[PDB]
Amino acid sequence: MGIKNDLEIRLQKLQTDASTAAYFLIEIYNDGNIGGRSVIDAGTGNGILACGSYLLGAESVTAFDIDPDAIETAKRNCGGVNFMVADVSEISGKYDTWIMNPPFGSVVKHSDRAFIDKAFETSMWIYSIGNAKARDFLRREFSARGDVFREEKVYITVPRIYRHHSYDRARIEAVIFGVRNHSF
Amino acid sequence: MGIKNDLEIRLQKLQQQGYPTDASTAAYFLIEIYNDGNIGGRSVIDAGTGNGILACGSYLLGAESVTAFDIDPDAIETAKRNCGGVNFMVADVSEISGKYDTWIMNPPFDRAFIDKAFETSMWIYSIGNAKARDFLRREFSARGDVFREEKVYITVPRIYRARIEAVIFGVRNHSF
């Protein structure tokens, strides 16, 4: 029932939710940036975005996280992916596409800019999905080093257990960025 | 001791299964690329990988990522056993389309592999029979800067002397 649904069910077998992850990845795929491409997934966590890229036919997929426990789980989820434990400062290879899922929001740190800097020194096509609170900062930074062809609003549910009132909004705002590196 | 010697012994233990570049020459070749700074922490692609010796060697030298392809399914199966940390795949060179820091090949001389190398990688290396030296030099010099064209000898059985003249090419892509 569509590539998004077909991918989603494969992601659900693994140990961003599967629907959102599938949506995000299919966009990159339709842009022509997954299939037959070398891809690197930064801050891979359980590896869902890396496994998804592999499932979509990426020529090669590399993924890293600072947490060894996350990598241990990721490797079992999809062995075909080149998973590694590493700090972003350690990344030094070249890849067609860079994917990341930034946790930071309003407050930016040395690390937050570290991922952006590394992305532009590493890949031609850069994608990010995360909190919409970093929207202004990210757009500014991405547009200063590349062409932002995508800045899309996507809604993420906030469990009621994390809400402070019945009249509060049920779904916060996230943002998807797609950028073409000015460098290579 | 010796980085070259250590790698050589490791590569020799690799299963042949499916003139091959001997472990010594392979180690020598890869160490040159490593010292050029194009293996360690880099994304490497080994074209026509065979039993995967050059791909496994690149992995053992700390490549950040290694991809390798061959049109022979049995070679790829043996390669995967030799070093599972490498992204081995069955494929014709025409199907390759990703970008990598470094392209490594061992041509049995085909412009097909050469064209793909220049389309995909910043650094291009080749090792093979010295008789293809003129052909390859012409092909490489047009789309890149040849910084290495070295004569070396590969150890081979006498059944077919025990040495054959080979040539090593190191090229920097004009592109990228």
**Report entry** Theoretical FRET efficiency, 1/(1+(r/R0)^6), r = Cβ-Cβ of B:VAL156 and A:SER89, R0 45 Å, to 0.05
**Finding:** 0.50
**Report entry** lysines with Cα under 21 Å of B:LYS116, excluding same-chain neighbours fewer than 8 positions away
**Finding:** A:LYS94, B:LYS99
**Report entry** Principal axis box of region B:2-176, alpha-carbon based, largest edge first, Å
**Finding:** 37, 36, 32
Query raised in the report: In Å, what Rg and Dmax follow from the Cα atoms of the protein assembly as shown?
Result: 22.4, 87
Query raised in the report: Antiparallel as a % of all DSSP beta bridges within the protein assembly as shown, to the nearest 5?
Result: 50
Report summary line: Note: B:98-106 gets an average of partner chain Cβ contacts (10 Å, Cβ to Cβ) equal to 4
Query raised in the report: Summing -39500 (n - 2.57) over the DSSP H runs of n ≥ 4 in the protein assembly as shown and dividing by its residue number, what mean residue ellipticity at 222 nm do you reach, to the nearest 500 deg cm²/dmol?
Result: -10500 deg cm²/dmol
Query - Protection-proxy order for peptides A:40-52, B:120-132, each taking the mean of Cβ atoms within 10 Å per residue, highest first - result: A:40-52, B:120-132
Report summary line: Env charge @ B:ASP101, Cβ radius under 9 Å, K,R +1 / D,E -1, value +2
Query raised in the report: Percent antiparallel among DSSP beta bridges with both residues in chain B, to the nearest 5?
Result: 50
Query raised in the report: Tell me, B:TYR160, A:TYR23, B:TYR153 in order of fewest to most beta-carbon neighbours within 10 Å?
Result: B:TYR160, B:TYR153, A:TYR23
**Report entry** Farthest positive-ward along region B:2-176 dipole, Cα basis, beta-carbon charges - from B:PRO73, B:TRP103, B:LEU30
**Finding:** B:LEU30
Report task. Could you line up B:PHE113, A:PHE104 from fewest to most neighbouring Cβ atoms inside 10 Å? Result -> A:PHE104, B:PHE113
Query raised in the report: When a footprinting reagent is the concern and you count Cβ atoms within 10 Å, what order do B:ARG111, A:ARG150 take, fewest first?
Result: B:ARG111, A:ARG150
**Report entry** Sequence-distant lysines (8 or more away, or on other chains) whose Cα lies within less than 21 Å of A:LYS75
**Finding:** A:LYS13, B:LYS80
**Report entry** Tensor-based shape of region B:1-57 (alpha-carbon gyration tensor, a/c under 1.5 rounded, otherwise prolate or oblate)
**Finding:** oblate
Query raised in the report: Across peptide A:57-66, how many C-beta atoms of other chains are within 10 Å of each residue C-beta, on average?
Result: 4
Report summary line: The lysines whose Cα lies under 17 Å from the Cα of A:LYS109, excluding any fewer than 8 residues away in the same chain, are A:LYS118, A:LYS133
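Since every read-out is calculated from the coordinates, none of them should be taken as a lab result. No Cβ is skipped: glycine too gets one built from the backbone with ideal geometry, and neighbour counts run over all protein chains shown.
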